[PDB]
Amino acid sequence: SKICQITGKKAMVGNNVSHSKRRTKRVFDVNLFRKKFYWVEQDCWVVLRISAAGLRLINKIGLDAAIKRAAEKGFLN
Amino acid sequence: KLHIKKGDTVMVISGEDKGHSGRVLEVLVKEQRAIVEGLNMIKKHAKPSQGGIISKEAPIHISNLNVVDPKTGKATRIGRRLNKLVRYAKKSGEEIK
RNA sequence: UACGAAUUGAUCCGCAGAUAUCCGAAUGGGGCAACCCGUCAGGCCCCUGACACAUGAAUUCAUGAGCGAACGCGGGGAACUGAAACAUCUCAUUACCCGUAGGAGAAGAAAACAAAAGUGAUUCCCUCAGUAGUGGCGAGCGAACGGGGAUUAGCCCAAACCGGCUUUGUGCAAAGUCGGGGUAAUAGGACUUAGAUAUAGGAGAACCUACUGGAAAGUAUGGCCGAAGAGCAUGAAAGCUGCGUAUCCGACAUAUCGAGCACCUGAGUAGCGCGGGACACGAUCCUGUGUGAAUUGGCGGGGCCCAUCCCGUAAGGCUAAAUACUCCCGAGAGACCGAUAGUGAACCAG
RNA sequence: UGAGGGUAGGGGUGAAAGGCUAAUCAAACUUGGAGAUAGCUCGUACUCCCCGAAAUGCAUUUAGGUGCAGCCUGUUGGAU
RNA sequence: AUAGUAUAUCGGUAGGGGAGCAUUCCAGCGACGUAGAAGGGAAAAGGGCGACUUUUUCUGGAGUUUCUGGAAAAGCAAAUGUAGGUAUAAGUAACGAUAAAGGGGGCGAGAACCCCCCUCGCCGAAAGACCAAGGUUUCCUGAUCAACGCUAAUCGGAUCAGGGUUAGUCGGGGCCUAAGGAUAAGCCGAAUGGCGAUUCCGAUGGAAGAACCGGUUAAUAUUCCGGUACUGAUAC
RNA sequence: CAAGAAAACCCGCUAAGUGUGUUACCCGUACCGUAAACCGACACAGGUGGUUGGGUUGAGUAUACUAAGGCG
Ligand SMILES: [K+]
Ligand SMILES: [K+]
Ligand SMILES: [K+]
Ligand SMILES: [K+]
Ligand SMILES: [K+]
Ligand SMILES: [Mg+2]
Ligand SMILES: [Mg+2]
Ligand SMILES: [Mg+2]
Ligand SMILES: [Mg+2]
Ligand SMILES: [Mg+2]
Ligand SMILES: [Mg+2]
Ligand SMILES: [Mg+2]
Ligand SMILES: [Mg+2]
Ligand SMILES: [Mg+2]
Ligand SMILES: [Mg+2]
Ligand SMILES: [Mg+2]
Ligand SMILES: [Mg+2]
Ligand SMILES: [Mg+2]
Ligand SMILES: [Mg+2]
Ligand SMILES: [Mg+2]
Ligand SMILES: [Mg+2]
Ligand SMILES: [Mg+2]
Ligand SMILES: [Mg+2]
Ligand SMILES: [Mg+2]
Ligand SMILES: [Mg+2]
Ligand SMILES: [Mg+2]
Ligand SMILES: [Mg+2]
Ligand SMILES: [Mg+2]
Ligand SMILES: [Mg+2]
Ligand SMILES: [Mg+2]
Ligand SMILES: [Mg+2]
Ligand SMILES: [Mg+2]
Ligand SMILES: [Mg+2]
Ligand SMILES: [Mg+2]
Ligand SMILES: [Mg+2]
Ligand SMILES: [Mg+2]
Ligand SMILES: [Mg+2]
Ligand SMILES: [Mg+2]
Ligand SMILES: [Mg+2]
Ligand SMILES: [Mg+2]
Ligand SMILES: [Mg+2]
Ligand code: NA
Ligand code: NA
Ligand code: NA
């Protein structure tokens with residue numbers, strides 16, 4: 001599943017619009033990558049599939065709170 | 001429930017054999033017809049199996065048959081009363097059979 | 001045709017039980033559906049009985065899977081066609097494909113409308129109105145406010161602060177977890193039923209003579225019943241022949257019905273740039289990508305924007321009714337068809 | 001040459017002929033959108049009575065179409 | 001049409017206007033019918049005109065209808081129009097390889113064709129014999145000749161009924177794997193899902209378990225019987 | 001020279017731990033099958049994989065004539 005595990009972000013459907021206003025279907029994809037993280041509280045490593053927006057949340061409230069927030073809303077499963 | 005049954009004595013009230021009484025021989029419930037003894041004879045043509053024409057009673061539709069009164073000899077309508085239920089003749093009121 | 005059952009109550013009807021091979025989600029493993037091959041525990045004797053043995057998500061146990069009308073909500077999403085050509089636009093947020101509920105679903109309790117005059121949740125109907133708008137300002141598309149109705153209903157958290165317990169750092173402090181406190185817009189808060197119904201049943205009035213006729217229920221007399229003159233059947237057209245109808249009566253089962261104080265009031269959120277989408281619409285709402293506040297003297301809206309004034313309290317949640325539909329069950333009807341009609345199918349019918 | 005597999009529709013496959021893909025191929029078949037659209041051709045059913053044309057002008061991606069005028073007819077009011 | 005009988009007018013395509021008939025059903029007031037309704041055949045008569053109507057008689061054997069108003073699935077001659085039936089071409093084409101028939105008996109209502117016999121002719125690396133695929137009772141026997149058989153038929157691969165297929169070794173299957181398929185752990189992806197082992201499935205191939213000759217039935221035969229062999233388990 | 005499947009059966013290795021008798025389950029087995037029975041709407045001059053296929057003549061499984069058997 002191509003879903004961010006911290007934010008839940010997935011691809012959205014839109015249009016290409018030309019100068020003559022021809023509209024053709026397109027996909028807006030997520031800036032999604034796999035990254036390894038050191039988890040200070042648990043003294044371990046985890047690998048997450050997150051967006052660049054999810055990394056911003058990790059680098060603001062910390063890893064541990066981000067995973068707790070992600071598990072409440074149902075993003076990590 | 002039917003207003004007649006086997007062994008009953010009934011009088012024909014319509015048809016060519018009207019005014020004639022007789023005993024009930026067999027009741028065909030699904031077709032609502034009955035055989036009355038001695039009435040509505042037919043001439044059946046049978047092959048040997050010695051052959052010949054033979055006589056038999058043909059069934060009469062049961063709505064043309066009424067149970068004869070116990071006391072008087074005329075046909076009457078019937079009813080059922082608890083005095084299980086039992087049939088009785090509407091003309092005289094006595095129990096039937 | 002043949003043999004039997006039954007007034008010691010057969011057949012038949014209602015209710016509850018017993019049995020219920022093989023395939024099929026098919027689930028012990030395989031497989032070309034209705035077949036083949038096992039492990040394990042028992043009992044009979046090369047075989048044969050009778051158990052268990054899939055997977056996935058929770059804690060051995062519990063759960064799910066599959067099928068099936070329409071109505072709901074989500075994810076994707078055409079073209080012919082119209083524009084008397086055609087690309088914006090239209091057809092249409094249709095057809096169609098996929099996922100997934102319930103007896104309905106969705107919505108729903110104002111960060112709302114309005115315009116110094118007021119109404120206060122949502123839904124649905126009649127108007128407003130083919131109006132204001134929108135639009136290669138073409139073809140087209142198309143509101144809301146206000147008024148009249150149906151139905152009516154309102155609530156719960158988080159936080160301040162207090163207590164306990166666990167954990168962590170070092171008695172203190174932080175986090176987590178339960179208990180108490182508390183729930184705003186005129187701002188508020190903290191502290192200082194058991195009967196009825198349903199699925200079998202019981203009773204239920206009253207007609208004679210003559211003619212025609214194969215056969216009267218017809219016709220002509222003379223009677224009678226009516227809370228019953230609806231109907232169907234009976235050798236022709238029956239209130240009084242039969243089954244019924246009006247009315248009344250019934251269930252062993254099972255099913256259903258104070259002052260002060262400035263402590264708190266939801267954050268990668270509101271807002272913004274770039275690219276798209278939905279709104280009637282080629283300020284408002286949603287977001288792929290990059291960023292990013294304040295705290296009641298706050299914040300949001302009133303169709304660029306600023307000032308003033310008015311209205312309201314986002315980033316937590318729950319809620320009946322008035323609305324949508326018919327695979328189906330019961331009761332009915334039709335200035336609807338009557339066998340090349342009416343369903344493809346009155347029979348034997350996918 | 002036999003058996004069993006595999007490639008599926010703007011796709012396949014082709015010692016290349018636009019060949020072949022179930023007697024169908026310059027884009028298979030089936031069902032649906034769907035009664036697509038057709039300024040084109042053909043067809044349009046009982047009776048009697050009164051009146052009764054046009055095949056011109058202008059414009060048109062128009063010329064075998066259409067809009068307006070001209071010419072017919074109903075009702076109504078005026079005389080011309 | 002104008003005036004209220006007089007004057008004028010009455011050929012018509014596209015087209016405009018007026019007035020009527022029939023059909024199905026409904027409301028109302030009413031009628032007809034087994035002493036014969038509807039429908040079908042024949043005949044006669046009517047209508048300013050017509051669409052149509054009425055009567056009589058035969059058939060038929062149970063429904064039908066006037067008037068006033070109301071509502072429509074409300075009228076066919078043609079669409080290379082549809083269904084069903086029946087014609088014409090016409091007693092015509094044709095009866096499906098030019099391998100071929102003749103005679104005597106038989107059963108029988110019936111024989112060019114069926115059965116038996118004698119002669120003739122054709123195939124014979126096949127037009128003979130044994131399997132596989134596919135078919136699924138067509139196999140044998142009795143009864144039958146309606147339909148089927150391109151003629152007739154006493155005959156048949158036809159109709160009905162009865163009967164008939166026998167395995168320790170044959171062919172399969174049980175075992176093994178190929179192409180390919182389904183998967184496990186994993187990977188990818190709006191959904192539906194797409195991939196992915198040394199795992200499993202999957203013969204057209206490999207198996208270390210082994211049979212051949214003869215004879216008997218109307219119809220089976222390494223299967224039944226005879227003779228002579230072989231291969232696993234199991235108990236002493 | 002173009003360089004000619006796989007796995008199992010059957011034999012090793014360690015790790016971990018002859019005689020007699022009885023008996024041999026399942027499915028197929030008819031018939032057609034270079035055809036009147038299969039694929040072609042037909043009792044259709046077409047198509048349909050493998051094995052066998054006597055004698056004389058011949059190089060021959062060609063050709064001609066014949067047996068068994070099958071046919072007109
Ligand atoms: K199974
Ligand atoms: K709490
Ligand atoms: K195509
Ligand atoms: K009628
Ligand atoms: K015979
Ligand atoms: Mg167009
Ligand atoms: Mg459900
Ligand atoms: Mg509701
Ligand atoms: Mg303003
Ligand atoms: Mg029909
Ligand atoms: Mg060319
Ligand atoms: Mg072809
Ligand atoms: Mg095309
Ligand atoms: Mg359409
Ligand atoms: Mg069409
Ligand atoms: Mg004239
Ligand atoms: Mg033209
Ligand atoms: Mg004109
Ligand atoms: Mg004249
Ligand atoms: Mg005229
Ligand atoms: Mg022709
Ligand atoms: Mg001729
Ligand atoms: Mg000739
Ligand atoms: Mg011919
Ligand atoms: Mg000839
Ligand atoms: Mg011939
Ligand atoms: Mg042969
Ligand atoms: Mg035979
Ligand atoms: Mg014949
Ligand atoms: Mg036979
Ligand atoms: Mg074998
Ligand atoms: Mg295997
Ligand atoms: Mg044989
Ligand atoms: Mg033998
Ligand atoms: Mg193996
Ligand atoms: Mg055989
Ligand atoms: Mg022949
Ligand atoms: Mg060949
Ligand atoms: Mg050979
Ligand atoms: Mg030879
Ligand atoms: Mg030869
Ligand atoms: Na009763
Ligand atoms: Na008559
Ligand atoms: Na007609």
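Labels below follow one simple rule: chain letters A, B, ... track the order of the sequence lines, proteins then strands, and each chain is numbered from 1.
- Note on A:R22: only backbone sugar-phosphate atoms sit closer than 4.0 angstrom, heavy atoms only; bases stay farther off.
- If you check E:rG149 against E:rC155, you find a Watson-Crick or G-U wobble pair, both contacts below 3.5 Å.
- The shortest heavy-atom contact between A:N16 and A:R26 is OD1-CD, 3.3 Å.
- Here C:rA112 is matched with C:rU119 as a Watson-Crick or G-U wobble partner, both contacts being under 3.5 Å.
- Distance CZ (A:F28) to P (C:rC274): 14 Å, rounded to an integer number of Å.
- Comparing the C1' positions of F:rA43 and F:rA5 gives a spacing of 50 Å, expressed to the nearest Å.
- Following chains of ILVMFWY side-chain contacts shorter than 4.5 Å, one cannot reach A:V47 starting from A:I67, and the two form parts of different hydrophobic clusters.
- Look at CZ on A:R34: it is 13 Å from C1' on E:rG189, rounded to the nearest Å.
- The side chain of A:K25 places no N or O atom within less than 4.0 Å of a non-bridging phosphate oxygen (OP1 or OP2) of C:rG76.
- The bases C:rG31 and C:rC73 are not paired as Watson-Crick or G-U wobble with both atom distances under 3.5 Å.
- Atom P of nucleotide C:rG316 and atom CZ of A:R69 are separated by 9 Å, given to the nearest angstrom.
- With both hydrogen-bonding distances under 3.5 Å required, C:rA101 and C:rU81 do not qualify as a Watson-Crick or G-U wobble pair.
- A cation-pi arrangement is not found for A:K36 relative to A:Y38, the charged atom failing to lie both closer than 6.0 Å to the ring centre and inside a 45° cone about the ring normal.
- Spacing between E:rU23 and E:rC52 at atom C1', rounded to whole Å, works out to 13 Å.
- Taking atom NZ of residue A:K60 and atom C1' of nucleotide C:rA293, one finds them 11 Å apart after rounding to whole Å.
- Per the geometry, CD1 belonging to A:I6 stands 13 Å off P belonging to C:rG268, to the nearest Å.
- Remark: the separation of the P atoms in E:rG61 and D:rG35 is 48 Å, to the nearest Å.
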Polar atom pairs between nucleotides 136-141 of chain C and protein, under 3.5 Å, N or O only, would you list them?
none

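- Residue-level contact check: A:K21 touches the backbone only, with heavy atoms under 4.0 Å from sugar-phosphate atoms and none from bases.
- The phosphate of C:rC240 has neither OP1 nor OP2 within less than 4.0 Å of any side-chain N or O from B:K90.
- If you take NE2 of B:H61 and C1' of C:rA217, they are 14 Å apart, rounded to a whole angstrom.
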List every contact pair, protein side and nucleotides 241-243 of chain C side both N or O, where the distance is under 3.5 Å.
unit_1: C:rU241; atom_1: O2'; unit_2: B:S63; atom_2: O; d: 2.7

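- Of the P atoms belonging to E:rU137 and E:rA158, the separation is 10 Å, rounded to the nearest Å.
- A Watson-Crick or G-U wobble pair links C:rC232 with C:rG242, both defining distances under 3.5 Å.
- Transitive grouping of hydrophobic side chains (ILVMFWY, heavy atoms separated by less than 4.5 Å) brings A:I50 and A:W39 into a common cluster.
- A distance of about 46 Å separates the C1' atoms of D:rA17 and C:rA92, rounded to the whole Å.
- Note on A:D29: only backbone sugar-phosphate atoms sit closer than 4.0 angstrom, heavy atoms only; bases stay farther off.
- In this structure, E:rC195 forms a base pair with E:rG186, meeting either the Watson-Crick or the G-U wobble geometry with both donor-acceptor distances under 3.5 Å.
- Within the structure, every side-chain polar atom (N or O) of A:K2 is placed at least 4.0 Å from both OP1 and OP2 of E:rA190.
- The shortest distance between the side-chain N/O atoms of A:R26 and the OP1/OP2 oxygens of C:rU289 is not below 4.0 Å.
- Using a 4.0 Å heavy-atom criterion, one finds that A:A11 contacts no nucleic acid atom at all.
- Here the CG atom belonging to A:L55 is positioned 6.5 Å from the NZ atom belonging to A:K35, to the nearest 0.5 angstrom.
- Protein atom NZ of A:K10 is 18 Å distant from nucleotide atom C1' of C:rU289, rounded to whole Å.
- Note: NZ (B:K91) to P (C:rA206) measures 11 Å, nearest angstrom.
- Listed pair A:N16 / C:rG275 fails the phosphate criterion, with no side-chain N or O lying under 4.0 Å from OP1 or OP2.
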_A:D64 vs A:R69, salt bridge (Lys or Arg N to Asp or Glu O under 4.0 Å): CA-CA, chis, key distance, verdict_ = CA-CA 9 Å; A:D64 178 74; A:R69 214 193 83 131; over 6 Å; no

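- With both pairing distances under 3.5 Å, C:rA58 is matched to nothing as a Watson-Crick or G-U wobble pair.
- Closest to the side chain of B:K5, from the set C:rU7, C:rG276, C:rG292, is C:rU7.
- Checking C:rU7 for Watson-Crick or G-U wobble geometry (two distances, each under 3.5 Å) identifies no partner in any strand.
- Heavy atoms of A:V17 sit under 4.0 angstrom from primed sugar atoms or phosphate atoms, though from no base atom.
- Residues B:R80 and B:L85 come closest through the heavy atom pair CB-CB, 4.3 Å.
- E:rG180 and D:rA3 have their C1' atoms separated by 14 Å, with the value rounded to a whole Å.
- As rounded to the nearest Å, E:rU177 and F:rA35 have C1' atoms that lie 39 Å from one another.
- Base pairing of C:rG273 is made with C:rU289, judged by Watson-Crick or G-U wobble geometry with both donor-acceptor distances under 3.5 Å.
- Neighbours E:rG174 and E:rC175 do not stack on each other, since their six-membered rings do not meet both centres under 5.5 Å apart and planes tilted under 30°.
- Between A:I6 atom CD1 and A:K73 atom NZ the span is 10.5 Å, to the nearest 0.5 Å.
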